[PDB]
Every structure is written in C-alpha cells, then in structure tokens.
Amino acid sequence: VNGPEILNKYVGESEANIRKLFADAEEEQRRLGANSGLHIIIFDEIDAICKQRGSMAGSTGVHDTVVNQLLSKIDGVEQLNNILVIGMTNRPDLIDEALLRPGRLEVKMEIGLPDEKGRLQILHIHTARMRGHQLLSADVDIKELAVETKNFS
Amino acid sequence: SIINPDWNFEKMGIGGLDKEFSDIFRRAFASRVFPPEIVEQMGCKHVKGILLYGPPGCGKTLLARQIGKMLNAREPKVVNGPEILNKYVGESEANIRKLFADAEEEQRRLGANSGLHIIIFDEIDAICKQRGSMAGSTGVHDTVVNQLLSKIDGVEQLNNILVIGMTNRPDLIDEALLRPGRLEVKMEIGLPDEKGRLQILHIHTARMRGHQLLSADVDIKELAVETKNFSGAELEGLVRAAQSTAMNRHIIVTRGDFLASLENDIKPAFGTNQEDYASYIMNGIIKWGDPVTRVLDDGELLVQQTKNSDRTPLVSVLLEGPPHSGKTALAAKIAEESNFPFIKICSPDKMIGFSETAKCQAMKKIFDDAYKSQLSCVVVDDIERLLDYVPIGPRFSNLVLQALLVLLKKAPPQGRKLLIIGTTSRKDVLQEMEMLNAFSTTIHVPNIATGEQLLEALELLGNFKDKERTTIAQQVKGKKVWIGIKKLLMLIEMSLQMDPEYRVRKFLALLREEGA
Amino acid sequence: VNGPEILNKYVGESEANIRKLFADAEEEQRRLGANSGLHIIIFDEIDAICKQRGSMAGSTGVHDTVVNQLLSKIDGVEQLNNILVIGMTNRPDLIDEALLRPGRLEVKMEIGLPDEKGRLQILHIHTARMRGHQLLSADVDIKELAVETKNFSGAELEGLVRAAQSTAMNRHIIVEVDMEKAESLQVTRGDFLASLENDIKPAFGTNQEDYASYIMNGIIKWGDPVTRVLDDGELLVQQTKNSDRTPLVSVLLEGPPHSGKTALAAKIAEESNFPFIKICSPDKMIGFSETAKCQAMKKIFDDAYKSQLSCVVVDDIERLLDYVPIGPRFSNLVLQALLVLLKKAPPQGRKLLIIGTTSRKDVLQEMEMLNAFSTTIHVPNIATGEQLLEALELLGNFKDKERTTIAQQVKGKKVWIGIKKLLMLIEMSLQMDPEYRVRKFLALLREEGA
Amino acid sequence: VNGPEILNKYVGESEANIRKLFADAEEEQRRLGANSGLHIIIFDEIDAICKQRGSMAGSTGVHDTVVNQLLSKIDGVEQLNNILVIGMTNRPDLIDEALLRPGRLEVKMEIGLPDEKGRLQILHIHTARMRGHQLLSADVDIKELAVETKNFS
Amino acid sequence: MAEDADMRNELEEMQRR
Ligand SMILES: Nc1ncnc2c1ncn2[C@@H]1O[C@H](COP(=O)(O)OP(=O)(O)OP(=O)(O)O)[C@@H](O)[C@H]1O
Ligand SMILES: Nc1ncnc2c1ncn2[C@@H]1O[C@H](COP(=O)(O)OP(=O)(O)OP(=O)(O)O)[C@@H](O)[C@H]1O
Ligand SMILES: Nc1ncnc2c1ncn2[C@@H]1O[C@H](COP(=O)(O)OP(=O)(O)OP(=O)(O)O)[C@@H](O)[C@H]1O
C-alpha cells in the first residue's frame, strides 16, 4: 500500500481501508488459532499515513484517526500473533515513538547507498542474467564500473 | 442461583501495578463481588466506567484484556478506535448503539439480577473529543459523543455495563463524559519503580525458568538497578532480543547470559538515549586548565543539590561565554557524568524549517516527558538560535520565548525534579529581554586566555611535538590570546594540511587574526 | 430518544422517524379532542439535532430539514395540546431560537450548582436508606461533609458516597489468593472514608490540593509587612461578601521579582473561604495562540459567573500578555479582553474579585490598566538583615552559630532580596560542607546584589 | 404539509408526491371548470423544501430539486386558476430567485413585531374572554401593561 | 481537508417486475 492513496476525503473510508489488510488474517485466527500462516503487509510510504499526533488542543488533530486505528489493530485486545508488518520510508523522524515502541514495530533498520562493493554484487546479479545467456561478454570488467559509479543507487 | 463473575483469577498476566489494580478493584468490582443480600439495603448503583491514561507502554491494554479474558462474564465487544466512523450519516452513531443493545435487551427482560457486559474502547480520544471547538466550530464528532453520553447515563437507568477506555491524551476528553457516573476512575499508570519492574522482569522470565534455561549467573536485581526507566514493554523487548541472541548463538540447549549487557546498548528507550552524545562531543574533552574543573565540579555540586534537597524541585542554569567555547559540550558532559535517567537535548538542529508554534510544541513535549519521570537534566542548546535573534533589526520569536520562560517557572508535580540547562553565546540580549532573571545563576566559560594554557592544551591533544612547540611557545611569550577552541581545532587542521615548511607560519598567521 | 438515533442514511426516513413520534398522539387528539392521556417525549443531548439552520460552517448537514419539521409539527397548522417535549442540553446557545420561543418550549429553566444547604439534601437522600437500615455510624453527620464540599455538583457529590461504601466493602474482601474471599460479615458502617475520599474526588470548581505547586513551602512570617498585606487582603475581601454595589473588586499584588506575590495571593484566596477559586496562569496555557488564550480566560470567567461568589488569580500578567521590554510587543487581544473583564459587571448580584500579579507597574501604567485595577498593593521584599535572619529562623536552617556568624555582617547593612531567591541561595550553599556554607552563602549574596 | 413529508428514499416519489397534492384540484379544473372548488394548500416551511436550485446548501442531491416539479405544476405549460398555495418561512432570502415573483408567489410581506397599538389589541383578545367573565382580570389595566411591555410580541 | 463531507444516497432501483 502507498500511503497517499488510501486517504479518502470522505470520513471513514480512510481509516476503514486499513482493517481490510488485517481482516483476512483475523479470520484465519478465528479458524486456525496458533498454526496459521503469515500475512505480510508493506507500507511503501508510511510518513503520509503516520505523523506525530497533535496534543492538548482541538486543532492540529487532522489525519490522526488513521494512526489511532492501526495502532489499535496491530496490538489491541484481540492479540494477533500471526502477522509481521513492514514499514519503509525516507523520513524516520516524523513517526511516533508510540508506533516505534516494541510490539508494534520492534526494529528499525538503515539501508543506504551500498558502496562500490555493494554495487559490485548488484552488477554481478544483473550481469549474471546475461551471463546465463552468455551473449554479453565483451571483456567488460566490473571494477571500472564500480570505481566510476560512487553515489549511484 | 447467581454466578460469580471472575471465578479463577489469581494475579497473573501482569506485574508492577498492584495498588492500581486494587484502586480499580474496590471502585468497580467490589459491588459486583459481594453478597447482594444487603446491597439493596445499601442502595448502590454499580459504577459504569473505567479510564486508563498514560504514555506508550506501561501495560494498560494488557490490564483491560486480562479483565475480560479471566472473568466469566464472557461478553466483550471491543471497539477498535475509529472503526465506528462511516461515510453515511446515522451509521456512525448506530454503530455505537449496537454495542449497548444486547445489554439493554438483557436488562429489560431479566432485571436487576443479571449478568455483565463489557465494552473496551481502545484509543477513545479519536471519536470522543471536546464538543464545542473541534476542526471548526461544529465538527463531525458531536453526533457520536452526544449519543454515547446520552446513552451510558441515560433516561433508561441502565446498570449491567462496564465501559473501559484507553488513551494517551486524557485532557482532550470532555468533562461531560469524565465526570462521576459515566467514567469515575482515571488512573495515572506510568513508568514503574524498580520494585515493580522486578515483578515485570520476573514474570516475563518465569516461563523460561520453569524449564531449566537461563543459567543461574543472571541476576534480575542488577537488571532492575540498571534499567530505571525503560517504560515497560522495552523490558520484554529486551528479553525477546536476548532469546534471539542466545538462539543465533547456539546455531552451528541454549541459554541467556548477560542479556541486559548485550541488549541495553542496542535498545532505544523512552528515557535517556544510551549514547546520542557524539554529535555534541565527537572529539572528547581536554581540560586545559582550572576553569574546566571549576565549571564541572560546580555542575556536579548543583546536580546533587537536586537529589539531596526539597523545596527547590528545579534549578535552571545558563552557562554562556563567547562563541566557539564548548558551551554545549560542557552541558552534555555534566549530564553524562551526573547519571540521570531522563537526559535529553532540545537542540534547534532537530527543529528547523518549523513555524514557531510547532517549535513550541516540540519543545513542550520533552518537558512533559520529563514531568513523567522522577529526575531529569534537560539541556537547551544555542538559545539565540532556538528563539531566533538577529542583531540587524530586533526580530525574535515571542511565542517560543514566553513558552520557554514559563517552563522555567513551571513547578513540576510533587516528587519530580529537573536540572534544566541552557546555553547562549550572547548574554546581553537576555539582560535586555528578561530571560536571565528566570535563571538561578550563570557559569562563564572563558576563551583560552593565555598561551600558557594553550601549550598544555596542545600537548594534551598530542599533535605537535617538543621541537616546533618550543617555537610556538616562544612566539606566544608574554602576549594574551582570545580564542575559542572550536575555532582552534579548525586552525589546527587548516595548519596540518600544509607542508612542514610553512606549517607553523600558516598556523600563527591565522592565529594573529583574532588577536583580542 | 437518545438524540442522534433518529438520523439514518436513507433520505426522508430520518425525519420520518420523528413523524412516527407525534403520529401516535395526533390520532388521540383527533378522535378524543380534550380528554386524552398526555403522550409525551423525552429528548436528551438535543444539541446535535436542532441547531441553527445556518450551521453549514463545518456541518454541511441536512439537519436543517429535521429542525424545520419539528419546529413545524409542534405549533403547526393542526393544533395538538396533549404533547410534552422535554429537552435538555449542556450547550443551549447552539439551538435554533425558533423552537425555543414560547408555545413550543416556553419554560427554559436552567439548573444551578447545588448550594451548601441543598447539597445537604442531596447527600441526605443517598444516606437515608443506609441510616434507616442501621449501617452508618452515628459520629459522622452530613453537615460536616456539606461544609467541606465547596463545589461538588450532583454526581460528584454522590461519587464520594459510593466510593466510601465501596472502600468499607473492600476491607472485608481480602492478593494472590485463588479466590477473593468475602468473609460474610454484616458489619459495614462507612465511618470516615467519606472524609478520606474527599481527597480522591476533585470537582471542576476548586481542587484544594492544586495549591501545592504555587505554595510549595507554605507562608513564612518574616516580618510585619506580610501581615499587613494579608490583613489588607482579608479586610478587602469581607467587602464583597458583606457589601452591595461593588460586585466586582480588583486588586494587584505587585512588587519586585522573586518576592512571592502569587503565593500569598493564593493564601488570600484560601483564607477568604470562598466557594469558587481559580488561578488563571500561563503555566497551563503555553504555546496557545492569542485567541485560544483569550477564550480560555473567558471560559474561566463564564465558569465563575455561574457561582454566587468567585475569586480569580491572574498570575504573571506580563507573561499572560507576552510583554517584552525591547521592541515592545504585546498580545493586543489578550490585553483588551483582560482589561474589559475587570470592569465587566456580573448580571444579578454575583460577587467576583480579581487578584492580579506582576513584577512591574510601569508597563501597566503605560497600558492604562492600573486605574482599571481598583486598588493595588505593594509587596516589599526583604530590605534588612534583621528580617532576613528572622525568616531564616522560621525556616530553621543555618542554625544558631551560622546565624551569629552572618549577624555581624548583615545587622547594620542593607540586604535587598526576595525570598524566592533566598531559598535557592541557602539550598545551593548547604551542599558542600558546614564550614564552607556560610562564606559561600554570603559571597553569593554579595554577588547577586548589583 | 407539516414541513417536509413529501421526501422519500425512492427517487421519483419525492418528485411525484406533489401531483397527488394537485390532482383533485386539476380534476376540478378540467371537469366542472367554470365555477370551481378553489382548493388551497399551506405548504409550511419552504426553507426546507426549496433551495437555490441545488447549487447552494453544499452538495444537495437531486432528490432535493423537487422545486422543478413544483414550478412546472404551478406555472408550467398546463396552468391553474383554481388553486392557491401559501408559504411560511423564517428565512426567505434562502429561497431561490424563481418562486417569489408573480404568477408563482404573487404577494410577499413580513409580519412585523407589532406596535403598542396592535400589542394592546392582541392582549385584549386573549384577556377578553376572562374580562367577560365577572370574576377575572381585576385591575389589570391592559393599556398600562402594553406600555410596560416594550418588545414582547 | 474540507472535513465533514458526510453524504447520503438514495434507492433508485426498486427492483420489481
Ligand atoms: N505491566 C507491564 N509491564 C511492562 N510491559 C507490559 C506490561 N503489560 C503489558 N506490557 C506489554 O504491553 C503490550 C501491550 O500494552 P501497551 O503497553 O502496548 O498499551 P499502550 O502502550 O498503552 O497502548 P499505546 O501503544 O497505544 O500507548 C504487550 O505487548 C506487553 O508486552
Ligand atoms: N572544556 C573543553 N575542553 C576541550 N575541548 C572542549 C571543551 N568543551 C568543548 N570542547 C570541544 O568542543 C567541540 C564541540 O564544540 P561545540 O559544538 O561545543 O561548539 P560550541 O561551543 O557549541 O560553539 P557554538 O556555540 O559557536 O556552536 C568538541 O569536540 C569538544 O572537544
Ligand atoms: N511569606 C511569603 N511570601 C512570599 N512568598 C513566599 C512566602 N513564603 C514562602 N514563599 C515562597 O514563594 C514561592 C512562590 O513565589 P512565586 O513563584 O510566586 O514568585 P514569582 O512570581 O515566580 O517571582 P518572579 O515573578 O520574579 O519569577 C513559593 O515557592 C514559596 O516557597
């Protein structure tokens, strides 16, 4: 799911487009208690869904109900053990400690520009498809490409 | 016959909170566990509400799940937050009423002697906010709130309900809904003390201990000593990660040893960060002379002045001087060496490109979080930037200033304490602007005044050696120097990147610029 | 009806569910004209429906239709006399006045907080069955509760009752026991736990323990001036209680900073024995835009006017209106509202007093507020060592030898400080050692004096 | 018409209730047309039923636009000289420009807060039955009461 | 935002033969 797309202007649809992600797995919990299979969820851009909630005022409360929903879902009264939730973004400082605390999102990770070494393995993969063909061999050495490409992603 | 509600509960599932469960129990469940022979002689209406407010963590929803899982009422109709809300009108409210309908049916047909019904509002703060001023004058949530509180204490005189609510912001809820009769008990469960924490960290470990696991070397008392404010659930997060480390250890009969030692550095906490200091103190601290020790032992003095005292729960201190003189670093070192659970920084670094109101809010948040815990030393860095001051024209952020100042003048709750710190590069504008009056005192941090100090600073750093250092010492003989060391270091490296021929002469030619 | 239950997604049935109400009584009115048995209605939280028809700012709702229909059906073309519509709300002003004019709703009687007499009856009811069934002990009569209950309202009044009987019930029940074992013992009295749980129940009006933050250390009688101040306060406060035609009174407690104006202000508020007190202070309202700050101040006073009596304590006015000495900038709206509210006359003999505080009179004199304040008070901070060390005795720290040690230095010389600073001075000096404590204190005391 | 009761969920019924409202009238127009019944309707609280043709009042669904059917029946191609409608409002300006003009709504006039003279006359009407009775309204001095009571109406 | 866009819909099918 892309964050910017589930937000509908008409109230109720925005938050209720989330419970669908969890409902099928909840039904699986009703049927199979502890031996169910996982159901993975991927929030591709979460910082639009979630931001720091307003405090001590009626104002600045816009778009907080969504957070109040999914926080209630992933650890609520119906203790739901079969789902691992992914989140991924580029602004890790906008998001609640209320969400980052253990039980909701246990671990935070960093993935950044790999390095010449990382690029080298990337090039091994995407070249290796051609290696499988074996057509794409022109005495092209990968170290040229690595040391030439310094910041590339 | 009559059926007892709880039936088999024996203080399991939680720990850390016994007084709080008791203060809920006597208020809510005592009237329901008692011989009803004399209850009508007593003329009591069974209370219809419980509220839980607190920070993230601290086990509130576990409490609420326990009461309703253990109990034999066996009728829980949890609400998941704004699940009520629907696009079409009338559905939002009727989704409330289809909760209470079953209970109201039972009560109508079966009377005073009846079973129980429980409703568990998770994150009540979204649907129920204060009527009258909300996202505009009218707002959307008037309907659901006026329905809810028309219903709980309504015309029907209904009993046979228990409404549990959870939230993180107890102030947003309206007094019409919080007053006695609808929701009586508003508990303040917060970070536990070491004795409570030990109970937590014993029950999350007993399921390991029943089987022979967790070799005897680990002592949970030490863990309770070195985990003062983990905000609850980070304890079981620690334990889960420890399971994980032992687990990927025995990979080609596992045990968990020194789990706290391994985990504590890795796990962030609501309280202090383990080490986020490197940004402020990257290169460490070199004491060049006596003023360093003077300011620093003054700091630890003023520190123990908080713990060992009453009737002054906070002491605020400005430690200022000319620019480039390590004002932030000394604050950080005071905080580090002082062994405070809630050390935090409010650096304008974090808050940039913010309107002054949002700046205010990101500054009040941390003080509220400090009011949670027992002790703290908060530090404000570069106040002249935090409240923007520009010499060319007098323009500043009134709102942030006023907030900061009253926050200095804010008596925290009974028992709690603060060691607020503030740094400036300029003090005269504050003398104009009334900030200094609020502060208890001032700690000047002089620039390097004498080359006699400078030379030992250089040997402490360890870059130059006796031969050239003789030359520099000879040149600085008798003259006075006015230099901040955060500028010095820059001059050092700007020297070292020239060859040894003109190394020292570039250094000294740049040095003589300042000259004051 | 429970208010909004009437509303439904389908169009025309929302108001049909209203029409279903009166279509059960109009038949009786039709066939038995006069002799009928008074069909009636009970609304609740009527504000959601039945507000002014121009509410489309934020609402954008069809509820116009609802109020038009009801407003039509009650008076209407057809006359039906045997209808009683009972309506109740906490926010009355949102209503459409057209349904509220006489003939539809003529009696708009509004209930008021129970007075110190009537709460006797309120408590007496809920204790009647008890003291008839020989539960309650005789030592606690209800007057002792009533006079202690300042602003308890209704459910807040009966809450302590229910909770105290619940505490007396709890004692019998008793942790890790497999069963909570209620020893079946009939003896349940509820003797003093009401007087305990007066601690536990805060009302909205005043919280007797919310003064700890302001008065942390209590009041110290360092000298005669503070006695003079409190005397002036009390003889100024008997004014409102025992007068007419001065229903508002307005004072200021000004003085140099760090002198503790707010503290003795709240002590005046206590010793006045008023029902209703407030401390309108910035320490709660921080980061509030000027409009929200002003509307909070107006909520304070619209809460006070409800009461027969009231006192308010405006704390650090200069910060309340965000005064800054350089490049003077000042909340214009807050100043204007704060000034108007001093000379607002409460409607029907209600008595209010305002206790303003600040560190500086000059800005108020320039802002034309001092004459708005009716009569002002100065707070002379400690100007003398002979007063200083007397206060130091009333504290107890810096015992006799240290007292004598500083006595020579300050007995014949000036010392101009406030005691807010004094506390912090002594606490800081006390840390290092007994021997070094007095010279630290004194060199510090000479450092601060410019 | 006790406010809106014509509105109903099934579209076409809201629009079509009015033909039932006018049917007997146009029947008497066509059959036995010269001397007629002169039927009347009261049509209270137009502020609910009529609006600015659906443009205003938010997004009022086309169910709201029953004004079109009303217009066409009162002054459309088929015309009626045998019936008159009445209107009653508290907020006339909210009505569309169309109806208020002649042929549809010929006469418009406020009912104002009456002067002292009219207030005396109305108070006299209510008190008259009691005054007629021998034992009531002694020393009441309705003219004094009138001059006392300034804006009551 | 333009919040409180709450709207209602009507039956127009009335399926019957
Ligand atoms: N007494 C306790 N001490 C420490 N951790 C607890 C305790 N009780 C529950 N936990 C942990 O708390 C989790 C669920 O309750 P939690 O504290 O997350 O609610 P909450 O934090 O108030 O809700 P929110 O996250 O919305 O603030 C469980 O996963 C459990 O591990
Ligand atoms: N007492 C001290 N002795 C030696 N070095 C110090 C001392 N205090 C700070 N430093 C050095 O200062 C460096 C950090 O500078 P810092 O960020 O404090 O500059 P600053 O004082 O904030 O200047 P500015 O206020 O202009 O930003 C650290 O790497 C640390 O070595
Ligand atoms: N007799 C007394 N008169 C004044 N203050 C006293 C007295 N006894 C004790 N105090 C102290 O006064 C303190 C409150 O002073 P307060 O905070 O009102 O001053 P302030 O208004 O903050 O000064 P400033 O406005 O300069 O900051 C209390 O903490 C209390 O210990």
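Rules behind the numbers
Every chain's residues are listed with numbers counted from 1 in the order the sequence is written; these need not match the entry, and residues without coordinates are not shown. To label them, take the chains in the order written and letter them from A, then take the ligands in the order written and number them from 1. Reported values pertain to the displayed chains only, which are themselves part of a larger assembly. Each side-chain value is worked out from all heavy atoms of the structure, with water and hydrogens disregarded. Runs of E in the DSSP output that reach at least two residues are strands. Runs of H or I that reach at least four are helices, and both are numbered from the N terminus. Between the two quantities, the radius of gyration covers C-alpha atoms and the globule rule is 2.2 Å times the number of residues to the power 0.38. Note on exposure labels: buried denotes an accessible area under 20% of the residue type's maximum, exposed denotes more than 50%, and partly exposed covers the range between, all computed with a 1.4 Å probe on protein chains only. Working definition of accessibility: Shrake-Rupley area with a 1.4 Å probe, residue cover restricted to the visible protein chains. By convention in these notes, a residue is near a molecule or strand provided one of its non-hydrogen atoms lies within 4 Å of it. Side-chain atoms alone can form a polar contact between residues adjacent in sequence; in general such a contact is a pair of N or O atoms within 3.5 Å, and within protein one must be able to donate a hydrogen while the other accepts it. Each domain's limits were defined by an automated method or a database of domain assignments. Here, residues are in contact when the closest pair of their heavy atoms is within 4.5 Å. Buried area: the accessible surface (1.4 Å probe) lost by two parts on joining, summed over both. For this document, the term salt bridge refers to a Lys or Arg side-chain nitrogen within 4 Å of an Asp or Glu carboxyl oxygen. Classification used: nonpolar for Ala, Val, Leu, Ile, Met, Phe, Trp, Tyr, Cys and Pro, charged for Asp, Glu, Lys and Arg, polar for all others including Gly. UniProt positions are given in the numbering used here, feature names are shortened, and annotations may be inferred rather than shown by experiment. Two strands make a pair as long as DSSP finds a minimum of two bridges between them.

As stated in the entry header, the method of structure determination is cryo-EM and the reported resolution is 3.8 Å.

Undergrad: Could you clarify how one ought to interpret the overall build of chain B in this entry?
TA: When you go through chain B residue by residue, the secondary structure sums to 21 helices and 12 strands. By the compact-globule yardstick of 24 Å for 516 residues, chain B is too spread out, its C-alpha radius of gyration being 31 Å. Expressed as lengths along the three principal axes of its C-alpha atoms, the size of chain B is roughly 105 × 65 × 45 Å. Within chain B, the fraction of its 516 residues that count as buried is 53%. With an accessible surface of roughly 24,500 Å², chain B has 53% of that area assigned to carbon and sulfur atoms.

Undergrad: What is the right way to read unusual backbone geometry from this model?
TA: Among all residues save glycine, negative phi is the norm, and among peptide bonds the norm is trans. The phi torsion at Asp316(C) lies on the positive side, around 50°, for a residue other than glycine. Its place among the elements puts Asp316(C) in the loop between strand 5 (309–314) and helix 12 (317–320). Classification of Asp316(C) by relative accessible area gives partly exposed; the value is 21%. The phi angle at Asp4(E) is positive, at roughly 55°, despite the residue not being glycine.

Undergrad: What am I meant to see in the site of ligand 3 here?
TA: Near ligand 3, the surroundings consist of 16 residues, among which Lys409(B), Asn217(C), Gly218(C), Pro257(C) and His258(C) are the closest. Residue neighbours of ligand 3 fall on chains B and C, so the site bridges chains. Within the contact set of ligand 3, a nitrogen atom lies 3.0 Å away from a backbone nitrogen or oxygen of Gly218(C). For ligand 3, the protein covers 92% of the area, taking 650 Å² as the surface of the free molecule.

Undergrad: Can you walk me through the domain arrangement of chain B in this structure?
TA: Bring the parts together and some accessible area is lost; that lost area is often taken as the interface size. Residues and elements named next belong to chain B. Domain assignment breaks chain B into domain 1 (276–446) and domain 2 (447–513). Domain 1 and domain 2 are separated by 31 Å when their C-alpha centres are compared. Of the residues lining the interface, nine residues belong to domain 1; the matching set on domain 2 comes to 12 residues. Buried area between domain 1 and domain 2, both sides added, is near 920 Å², and the carbon and sulfur share of it is 69%. Between domain 1 and domain 2 we count zero salt bridges in total. Along the contact surface separating domain 1 from domain 2 lie three residue pairs in polar contact. Among the residues forming the side of domain 1 that touches domain 2, the class breakdown is six nonpolar, two polar and one charged.

Undergrad: Looking at this structure, how should I read the site of ligand 2?
TA: All names here are of chain B. What surrounds ligand 2 is a group of 16 residues, the closest being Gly-284, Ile-286, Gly-326, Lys-327 and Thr-328. A distance of 2.9 Å separates an oxygen atom of ligand 2 from a polar side-chain atom of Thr-328. Alone, ligand 2 offers 640 Å² of accessible surface; in the complex the protein occludes 85% of this. Mapped by element, the contributors of at least two residues to the shell around ligand 2 are helix 12 (327–338) and helix 20 (485–496).

Undergrad: For this particular structure, what's the right way to read the interface of chain C and chain D?
TA: On the chain D side, the residues contacting the 18 residues of chain C number 18 residues. For the pair chain C and chain D, the summed buried area comes to about 1,500 Å², and 55% of that belongs to carbon and sulfur atoms. Close ionic contact of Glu5(D) with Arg19(C) constitutes a salt bridge, the shortest N to O distance being 3.8 Å. For the pair chain C and chain D, the number of links is eight residue pairs in polar contact. Elements represented by at least two residues in the side of chain C that touches chain D include exactly helix 1 (13–22) and helix 3 (63–75) of chain C. Among the elements that line the side of chain C that touches chain D, the one with the most residues is helix 3 of chain C, at six residues. By residue class, the composition of the side of chain C that touches chain D is five nonpolar, seven polar and six charged.

Undergrad: Before we go on, may I ask you to explain the UniProt feature "binding site: Mg(2+)" in chain B in this structure?
TA: Residues and elements named next belong to chain B. Sites flagged by UniProt as "binding site: Mg(2+)" map to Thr-328. Mapped onto the elements, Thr-328 comes out in helix 12. With near-sequence residues (within four places) excluded, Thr-328 lies in contact with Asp-381, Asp-382 and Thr-423.

Undergrad: So what exactly am I meant to see when it comes to the interface of chain B and chain C here?
TA: Taken together, the contact between chain B and chain C spans 74 residues of the former and 69 residues of the latter. Both sides together, the interface formed by chain B and chain C hides about 6,900 Å², and carbon and sulfur atoms give 59% of it. Of all residues in chain B, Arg26(B), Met42(B) and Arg311(B) bury the most surface against chain C, accounting for 11% of the area lost on that side. Along the contact surface separating chain B from chain C lie six salt bridges. One salt bridge in this structure joins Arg131(B) and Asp47(C), with 3.6 Å as the shortest N-O distance. Listed by contribution, the elements that provide at least two residues to the side of chain B that touches chain C are helix 1 (19–28), helix 2 (39–42), helix 4 (91–110), helix 5 (142–151), helix 11 (290–307), helix 13 (356–372), helix 15 (398–408) and helix 16 (428–433) of chain B. A per-class count over the side of chain B that touches chain C returns 30 nonpolar, 23 polar and 21 charged.

Undergrad: Help me understand the arrangement of the chains in this model?
TA: Most contacts, when the eight pairs of chains in contact are compared, are made between chains B and C. Separated throughout, chain A and chain D approach each other most closely at a C-alpha pair spaced 13 Å apart.

Undergrad: Help me out: how do you make sense of the environment of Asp178(C) in this one?
TA: With respect to the helices and strands, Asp178(C) occurs in the loop between helix 7 (155–173) and helix 8 (193–197). Not counting the four nearest positions on each side in its chain, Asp178(C) is found in contact with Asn8(B), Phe9(B) and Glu10(B).

Undergrad: Sorry if this is basic, but what is going on with the sheet that holds strand 2 (residues 79–80) of chain B here?
TA: Whenever strands of a sheet pair, they do so through backbone hydrogen bonds, lying parallel or antiparallel. All names here are of chain B. Taken together, the five strands give an open sheet; going across it, the order is 2-3-4-1-5, and neighbouring strands pair in parallel fashion. Unpaired on one side and paired on the other, strand 2 and strand 5 (185–187) mark the two borders of the sheet. Strand direction decides the pairing type here: strand 1 (residues 49–53) and strand 4 (residues 162–167), joined by five bridges, are parallel. Residue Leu-52 lies in a different strand from strand 4, and its bridge partner there is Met-166.

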